[PDB]
Every structure is written in structure tokens, then in C-alpha cells.
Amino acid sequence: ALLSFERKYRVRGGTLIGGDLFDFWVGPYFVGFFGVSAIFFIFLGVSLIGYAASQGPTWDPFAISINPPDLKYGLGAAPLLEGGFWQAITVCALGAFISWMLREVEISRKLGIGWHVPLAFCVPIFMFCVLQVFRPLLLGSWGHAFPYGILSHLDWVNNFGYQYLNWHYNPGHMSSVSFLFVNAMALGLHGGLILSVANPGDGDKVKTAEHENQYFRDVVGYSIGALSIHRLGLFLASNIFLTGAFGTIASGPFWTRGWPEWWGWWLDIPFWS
């Protein structure tokens, strides 16, 4: 149950809250206060999902859907079967995401490593708050949030986009997609570069840091370097949501027209009209 190098690292300490109370492992898993609160929010949320689903038309995993209230409930509570389950499940999701993040902090501290991972993980958490909390607050109803259903969430995304005629022209979305695309390509390049160095093939010798830099110097005339590509990777991945969030928040509260029309700022300048 322990990696052969693991025991020396399995020391006491590093917590944010709780100290020795929850400072232990269950199998490979560190617990900690935030492990305990994670488990709690997860159990609660999954139980509410199962129960809510049981009251609905289907057990098919793809078609199950737990939906927020009608717009007219604004920011108040809704009957359980009319959005209330959705409200409670959202609160549990947040609790679980935030615990998971804070637990990652404790794990980092115990290992004497940077806190860069939980910090990165704040980005999708923040994105979730944009969709489910901040935009609905700005619009005045919980009902603008997305439903919990594997395919139904996509119907929401779909309708949300077409409410603005063509969502592809949303500058936040263009930015977001560009970062998604370049990030996916860069992860391929980074993974392939490293593998190509450690696995030349045919009994050949493993290459070097110098070969690494030579490769991209040759192919594109520049090489960012070994540490920097990791900083770059984090920056590109992060900016998928950090810029996408602006496009999401803008739609409704800061723009009610179709997105293509927004580009009128450029097209309609009197000079070239």
C-alpha cells in the first residue's frame, strides 16, 4: 500500500485546519479536515442527485436531468421538485470543489512543494461560479444557470449560444477557443518532445537538454526552454477559462444583441463606412 519511496515523506503536519485530528491516510488518500468535508459534500450531493433523479422520467445515464428553477423564482428558494434540488446540489458542488482545492494545499505543504496545483485548480472553480452564481446574480435569477445532466447541460450551452445568434463571434469565446486549441497542440508538442528525447528507438542513446532546444530552434527558430514550457502550459490552459469567463459574463448583463453585431465597433467606424 506504499510506493517504495513513500514512507520517508509520510510525516505529520502541513494542515490548514485541524492539525493532528485528521492528519492521516486511508489507503493512498490523504484525509485532513478538507478530505472529511469533501467526502461530506460529495455524499450529500450524490445522494441528492440519486434521489432527485429517482423522481424523474428516466434512469438512462445520458438523459437524466436535474434542473434549476423557473426565472420567476429570482434569487429565492424553490420547491425541491421545481429547482430546489438543483439549488442544494450546487451548494454541495461548491463545497466539494473548494474542499478539494484546500486539501491540495495541505498535501502540498506536507511535501514542501509549491501550491501551484491548487492555485491552477481555482480557475475551473471560478469558471463554475461564473456560470452558476455570478451570471445568474447579475441577471436576477438562479434559473439562468445550467442543469445537471450529461446531455441536458449541452442543450443549455446550445440555447445559451443561440440566444446571441452566433456565439462563435463572441470575442471571449474566440479567445477561449484559441487558448484551448493552442494549449492542446502545445501539450502534444511537449509530451512528444520529451518522449522523443527519452525514446530515440532501436537501441540508440537517450538524448539531452541540448537536443531538446535544438529541435525547436531548428523547426521554428526559437526554443522556450524546459522550465518555461511548463509555465507557458499553465498560462495557456488557465486562459481558456480566464478569458472565456469574460465572454460568458458579458452575454446578457453587458450585451443583449447578437454577437456578430458587436463587431460593428470596427465595421461601422464612419471613416470607412
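All residue numbers refer to positions in the sequence shown, first residue = 1. Rigid core: the largest C-alpha set superposing within 1.5 Å between the two forms.
Original post:
Say the other structures are aligned on the rigid core; which stretch then has the higher CA RMS in 8 other deposited structures of this protein, 55 to 63 or 210 to 218?
Top reply: Between the two stretches, 55 to 63 moves farther in 8 other deposited structures of this protein.
**OP:** On mean C-alpha B-factor from the PDB entry, just flag whether 46 to 54 or 22 to 30 is the higher one.
**Re:** The stretch with the larger mean CA B-factor is 46 to 54.
**OP:** Look up the CA B-factors in the entry and say which stretch, 55 to 63 or 242 to 250, has the higher mean.
**Re:** Per the PDB entry, the higher value belongs to 55 to 63.
Original post:
Whose CA atom has the top B-factor in the entry, of 187, 102, 117, 75?
Top reply: That would be 75.
Original post:
Among 83, 171, 161, 192, which residue carries the highest C-alpha B-factor recorded in the PDB entry?
Top reply: Of the candidates given, the C-alpha B-factor peaks at 83.
Original post:
Taking the C-alpha B-factors as the PDB entry records them, is residue 165 in the lowest, middle or highest third of its chain?
Top reply: Lowest third.
Original post:
Which third of the chain does residue 129 land in by C-alpha B-factor: lowest, middle or highest?
Top reply: Lowest third of the chain for residue 129's C-alpha B-factor.
Original post:
Looking at the C-alpha B-factor of residue 209, is it in the lowest, middle or highest third of its chain?
Top reply: Tercile = highest for this residue's CA B-factor.
Subject >> Third of chain Cα B-factors occupied by residue 122 >> reply: Lowest third, going by the recorded CA B-factors of the chain.
**OP:** Would you mind checking where the Cα B-factor of residue 151 ranks among the modelled residues of its chain, as the lowest, middle or highest third?
**Re:** Within its chain, residue 151 is a middle-third residue by C-alpha B-factor, going by the deposited values.
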